[PDB]
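The lines below spell out each chain.
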Amino acid sequence: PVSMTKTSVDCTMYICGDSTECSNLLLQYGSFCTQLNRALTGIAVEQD
Amino acid sequence: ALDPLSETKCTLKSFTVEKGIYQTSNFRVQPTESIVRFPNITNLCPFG
């Protein structure tokens, strides 16, 4: 094997899909899900 | 909140964006109306 599947997970659509309160609550956690998505994009580009 | 270039500027937290491609949370289409579906129940109450 050479490469894996290029998964991309949207943190907001996953945790607080179609809602405002949970997104406003998660906004207090900083950049966790955003940096996880950035790491996933890095995984994808390194697979490429 | 004006153009996607400024959106990428907010994303990278810098006034200068290099040659590349980025974005943020996905844009979702909202439902136009609400459709209620319920049976056509035939049994009536014999109040008559």
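You'll find the structure just up there.
Residues numbered from 1 in each chain as written, not as in the entry; some residues may be left out. Chains lettered and ligands numbered in written order. Part of a larger assembly, values for the part shown. Heavy atoms only, no water.

A. The arrangement of the overall build of chain A in detail. In terms of helices and strands, chain A carries 3 helices and 0 strands. Its helices and strands taken in sequence order, chain A reads α-α-α from the N to the C terminus. Viewed in the frame of its principal axes, chain A has a C-alpha envelope of about 45 × 20 × 10 Å. Looking at chain A as a whole, 8% of its 48 residues qualify as buried. (Helix = DSSP H or I, 4+ residues; strand = E, 2+ residues; numbered from the N terminus. Buried < 20%, exposed > 50% of the residue type's maximum accessible area, 1.4 Å probe, protein only.)

B. Seen up close, the state of the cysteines. Residues and elements named next belong to chain A. All told, the structure shown has 2 disulfides over all chains when counted by the stated rule. Disulfide partner of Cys-11: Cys-33, at an S-S distance of 2.0 Å. One end of the pair, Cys-11, is in helix α1 (residues 11–15); the other, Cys-33, is in helix α3 (residues 32–47), and 22 residues separate them in sequence. Residue classification places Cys-33 among the buried residues on the basis of a relative accessible area of 16%. Here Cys-16 connects covalently by a disulfide to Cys-22, the sulfurs 2.0 Å from one another. On the sign convention where negative is left-handed, the bridge of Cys-16 and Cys-22, at about 85° about the S-S bond, is right-handed. (Disulfide = S-S within 2.5 Å.)

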